[PDB]
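> What follows is a structure written as structure tokens; I'll ask about it next.
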Amino acid sequence: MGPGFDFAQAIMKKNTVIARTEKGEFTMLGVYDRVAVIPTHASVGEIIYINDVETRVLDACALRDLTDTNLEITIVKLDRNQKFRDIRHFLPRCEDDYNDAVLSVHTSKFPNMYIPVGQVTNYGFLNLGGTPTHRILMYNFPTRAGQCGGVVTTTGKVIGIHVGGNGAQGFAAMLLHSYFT
């Protein structure tokens with residue numbers, strides 16, 4: 001509808017796949033080469049489905065900060081025959097707050113879904129499903145099951161992936177450029 005939705009759509013149409021694990025279907029962001037991200041609660045194993053094709057997992061790393069605290073981001077290298085467009089130059093270098101973000105989801109349940117979530121707070125610490133978690137972004141939208149893995153963008157920046165909600169607020173894990181060197 002406007003330039004925020006324009007940037008979000010450009011990311012969805014080239015840099016997402018539908019990932020299926022034994023824990024469900026997730027929006028999965030491809031970042032560069034065969035490297036993608038997914039919430040750590042997806043419990044990626046040795047095999048994953050990518051757009052309903054059986055795909056070997058070459059590497060999966062559940063990130064933690066240097067306090068050894070959960071970040072809720074898993075970096076997956078896929079045995080896929082095709083590279084992603086390199087979008088690392090759209091990743092923030094530091095923790096920050098943002099204005100006027102969009103959360104974008106693409107699954108079998110929610111295809112072509114875009115949500116203007118407004119202001120994004122650097123929330124920091126969250127007890128996420130009982131797990132202490134750092135580098136959490138918060139937005140005041142009532143997000144629902146099916147949105148985990150959704151991509152959070154502003155114009156020109158890919159800032160996080162949706163990992164949870166409390167019925168009134170939604171929470172994303174930060175993406176930082178330093179995760180993908």
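Labeling convention for the structure tokens: chains A, B, ... as they appear, residues from 1 per chain, ligands from 1 in order of appearance.
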Set out as CSV a contact list for stretch 130-177 of chain A and stretch 89-98 of chain A with a cut-off of 7 Å, giving each residue of stretch 130-177 of chain A that qualifies its closest atom pair and distance in Å to one decimal, counting only C-alpha atoms, ordered by chain and rising residue number.

residue,atom,partner,partner_atom,distance
A:156,CA,A:90,CA,6.1
A:157,CA,A:90,CA,4.7
A:158,CA,A:91,CA,5.3
A:159,CA,A:91,CA,6.2
A:175,CA,A:91,CA,6.5
A:176,CA,A:92,CA,5.3
A:177,CA,A:91,CA,5.1
> Neighbouring residues of residue A:61 were defined as those with any atom within 9 Å, considering only C-alpha atoms; residues of the same chain fewer than 2 positions away were excluded. Please report them as a list in words.
residues 40, 59, 63, 73, 74, 75 and 76 of chain A
> Identify, on the basis of only C-alpha atoms, every residue whose closest approach to stretch 2-6 of chain A does not exceed 12 Å; exclude the query and any residue fewer than 2 positions from it along the same chain; express the result as a compact mmCIF listing (two decimals) with N, CA and C atoms, in the first residue's frame.

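As a result, result.txt now contains:
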# COMPACT_ATOMS: atom_id res chain seq x y z
N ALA A 8 8.99 -4.74 2.08
CA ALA A 8 8.59 -6.06 2.63
C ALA A 8 8.31 -7.05 1.49
N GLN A 9 7.51 -6.64 0.49
CA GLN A 9 7.13 -7.51 -0.63
C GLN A 9 8.38 -7.92 -1.41
N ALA A 10 9.31 -7.00 -1.62
CA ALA A 10 10.56 -7.31 -2.38
C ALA A 10 11.37 -8.40 -1.65
N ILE A 11 11.39 -8.36 -0.33
CA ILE A 11 12.06 -9.41 0.48
C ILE A 11 11.28 -10.71 0.41
N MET A 12 9.94 -10.68 0.57
CA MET A 12 9.16 -11.94 0.56
C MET A 12 9.29 -12.65 -0.78
N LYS A 13 9.25 -11.91 -1.90
CA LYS A 13 9.11 -12.52 -3.24
C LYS A 13 10.43 -13.17 -3.67
N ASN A 99 11.06 2.86 13.78
CA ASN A 99 9.66 3.26 13.51
C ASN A 99 9.07 2.49 12.31
N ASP A 100 7.76 2.29 12.37
CA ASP A 100 6.90 1.97 11.22
C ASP A 100 7.45 0.71 10.54
N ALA A 101 7.36 -0.41 11.24
CA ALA A 101 7.78 -1.74 10.73
C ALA A 101 6.59 -2.51 10.16
N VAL A 102 6.90 -3.49 9.32
CA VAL A 102 5.94 -4.45 8.72
C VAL A 102 6.43 -5.83 9.11
N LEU A 103 5.51 -6.68 9.54
CA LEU A 103 5.72 -8.13 9.75
C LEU A 103 5.09 -8.86 8.57
N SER A 104 5.88 -9.63 7.82
CA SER A 104 5.41 -10.35 6.61
C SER A 104 5.57 -11.87 6.76
N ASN A 112 0.91 -14.60 1.60
CA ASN A 112 0.91 -13.18 1.18
C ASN A 112 0.33 -12.29 2.29
N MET A 113 0.68 -12.56 3.55
CA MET A 113 0.23 -11.79 4.72
C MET A 113 1.24 -10.69 5.09
N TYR A 114 0.78 -9.45 5.23
CA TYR A 114 1.58 -8.27 5.62
C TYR A 114 0.84 -7.52 6.73
N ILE A 115 1.53 -7.15 7.79
CA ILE A 115 0.92 -6.49 9.00
C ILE A 115 1.73 -5.25 9.33
N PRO A 116 1.16 -4.01 9.28
CA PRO A 116 1.86 -2.83 9.76
C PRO A 116 1.80 -2.88 11.30
N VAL A 117 2.95 -3.06 11.93
CA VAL A 117 3.02 -3.24 13.42
C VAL A 117 3.40 -1.95 14.11
N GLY A 118 3.79 -0.89 13.40
CA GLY A 118 4.13 0.40 13.98
C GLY A 118 5.47 0.38 14.64
N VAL A 151 8.97 -12.15 8.79
CA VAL A 151 10.09 -11.20 8.64
C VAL A 151 9.64 -9.81 9.07
N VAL A 152 10.42 -9.18 9.93
CA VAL A 152 10.22 -7.77 10.36
C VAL A 152 11.16 -6.87 9.58
N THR A 153 10.59 -5.88 8.86
CA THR A 153 11.34 -4.93 8.03
C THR A 153 10.91 -3.51 8.35
N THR A 154 11.81 -2.61 8.07
CA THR A 154 11.49 -1.18 7.78
C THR A 154 11.88 -0.93 6.32
N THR A 155 11.61 0.26 5.77
CA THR A 155 12.26 0.65 4.49
C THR A 155 13.79 0.55 4.68
N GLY A 156 14.34 -0.31 3.86
CA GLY A 156 15.74 -0.52 3.60
C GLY A 156 16.34 -1.45 4.59
N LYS A 157 15.63 -1.90 5.64
CA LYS A 157 16.29 -2.81 6.63
C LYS A 157 15.45 -4.06 6.99
N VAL A 158 16.14 -5.18 7.08
CA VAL A 158 15.57 -6.46 7.58
C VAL A 158 16.05 -6.60 9.02
> Chain A: which residues are helix (DSSP H, G or I) by DSSP, as a CSV table (one decimal) with C-alpha atoms, in the first residue's frame?

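Below you can see part_5.csv, which holds the result:
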chain,number,residue,atom,x,y,z
A,3,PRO,CA,6.9,2.2,0.5
A,4,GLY,CA,7.2,0.0,3.7
A,5,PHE,CA,5.0,-2.7,2.1
A,6,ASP,CA,7.0,-2.3,-1.1
A,7,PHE,CA,10.3,-3.2,0.7
A,8,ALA,CA,8.6,-6.1,2.6
A,9,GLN,CA,7.1,-7.5,-0.6
A,10,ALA,CA,10.6,-7.3,-2.4
A,11,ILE,CA,12.1,-9.4,0.5
A,12,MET,CA,9.2,-11.9,0.6
A,13,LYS,CA,9.1,-12.5,-3.2
A,14,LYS,CA,12.8,-13.4,-3.5
A,15,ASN,CA,14.2,-14.3,0.0
A,40,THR,CA,15.1,-22.1,17.3
A,41,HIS,CA,11.8,-23.5,18.6
A,42,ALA,CA,11.2,-25.0,15.1
A,88,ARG,CA,23.2,-9.0,4.1
A,89,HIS,CA,23.6,-5.3,3.3
A,90,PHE,CA,20.0,-4.8,4.5
A,177,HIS,CA,25.0,-8.3,10.2
A,178,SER,CA,27.7,-10.0,12.4
A,179,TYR,CA,25.6,-13.2,12.6
A,180,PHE,CA,26.3,-13.8,8.8
> Can you work out which one of A:16, A:51, A:21, A:70 has the shortest atom-to-atom distance to residue A:134, counting only C-alpha atoms?
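Of A:16, A:51, A:21, A:70, the one nearest residue A:134, counting only C-alpha atoms, is A:70.
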> For residue A:77, which residue among A:133, A:181, A:169, A:55 is the nearest when counting only C-alpha atoms?
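Once distances to residue A:77 are computed over only C-alpha atoms, the minimum belongs to A:55.
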> Rounded to one decimal in Å, what is the spacing between atom CA of residue A:173 and atom CA of residue A:47?
23.8 Å
> To one decimal place, how far is atom CA of residue A:48 from atom CA of residue A:126 in Å?
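Atom-to-atom, atom CA of residue A:48 and atom CA of residue A:126 are spaced 28.0 Å apart.
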> Between atom CA of residue A:111 and atom CA of residue A:49, measure the distance and give it in Å to one decimal.
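So the answer is 17.1 Å.
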> Env of residue A:164: 9 Å cut, atoms = only C-alpha atoms, seq-sep filter 6 positions within chain, self excluded. Answer as a PyMOL selection string.
chain A and resi 128-129+143-145+147-148+170-172
> Could you dump the residues just selected with C-alpha atoms as a PDB file, in the first residue's frame?

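Wrote out.pdb, looks like this:
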ATOM      1  CA  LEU A 128      10.087 -16.582  26.091  1.00  0.00           C
ATOM      2  CA  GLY A 129       8.085 -19.781  26.764  1.00  0.00           C
ATOM      3  CA  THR A 143       0.195 -11.655  16.680  1.00  0.00           C
ATOM      4  CA  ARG A 144      -1.141 -15.280  16.537  1.00  0.00           C
ATOM      5  CA  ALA A 145       0.197 -18.828  16.027  1.00  0.00           C
ATOM      6  CA  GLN A 147       3.355 -16.018  12.324  1.00  0.00           C
ATOM      7  CA  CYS A 148       6.641 -17.446  13.806  1.00  0.00           C
ATOM      8  CA  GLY A 170       4.535  -9.480  19.485  1.00  0.00           C
ATOM      9  CA  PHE A 171       8.240 -10.271  19.873  1.00  0.00           C
ATOM     10  CA  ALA A 172      10.999 -10.717  17.277  1.00  0.00           C
TER      11      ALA A 172
END
> A:36, A:53, A:20, A:146: which is nearest residue A:109, counting only C-alpha atoms?
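Distance minimum relative to residue A:109 lands on A:146.
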